[PDB]
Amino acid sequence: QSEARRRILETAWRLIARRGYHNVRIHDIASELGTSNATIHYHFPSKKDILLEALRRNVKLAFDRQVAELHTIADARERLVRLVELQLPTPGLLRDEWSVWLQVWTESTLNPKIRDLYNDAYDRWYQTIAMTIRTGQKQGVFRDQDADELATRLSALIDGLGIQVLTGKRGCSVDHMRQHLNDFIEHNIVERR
């Protein structure tokens, strides 16, 4: 049962990422797993509950991933570079995660439970970036500048570049996004020195 739910969520996430939440029907999820629509309904009374529980799950996976990746890193510049690297829409899992987040931005403007979940996840991320900046400022590697405003700018820049990648802007690519962000950190965050 914890298992059944798990399979539904993993399958729903992928379908939502690749086909679009509103284009995914409950039979599409059943067909993808071999169950029936009634089973799916038993665990999730509505389509929205699937999205919401899938999202909850994903936010957890992503924060785990981030802890694993940053756990040994003490140098704030390296930490920030790695934080930024985790946000790239690389082929496979991360690109799929971006696809779903793009939809959640829209669904947030309409659904309060989704908006709440989105804002809590974003705030956690945002505080992380700010904390990291402040650390680098205390270590002397980062320029003394309001961390909150800088975190706001970097977060916003990450989101905008992601969109340009996902939508196919000419000359855009994950690598160019990476370079652009690394240049932002080296030239706007790092202490010229």
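One-based numbering along the sequence shown.
Higher mean CA B-factor, judged across 97-105 and 77-85 from the recorded values: 77-85. In this entry, the higher average B-factor at the C-alpha atoms falls on 1-9, of the pair 1-9 and 182-190. For the set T128, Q66, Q139, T152, the PDB entry puts the maximum C-alpha B factor at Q139. Annotation for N58, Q145, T132, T167: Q145 ranks highest, by Cα B-factor. In the PDB entry, a CA B factor belonging to the middle third of its chain's modelled residues is recorded for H22. Sorting the modelled residues of the chain by their CA temperature factor places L15 in the lowest third. Ranked by C-alpha B-factor against the other modelled residues of its chain, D28 falls in the middle third. The entry lists a Cα temperature factor for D49 that places it in the highest third of the chain's modelled residues.
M177: CA B factor in the lowest third of modelled residues in this chain (values from the PDB entry).
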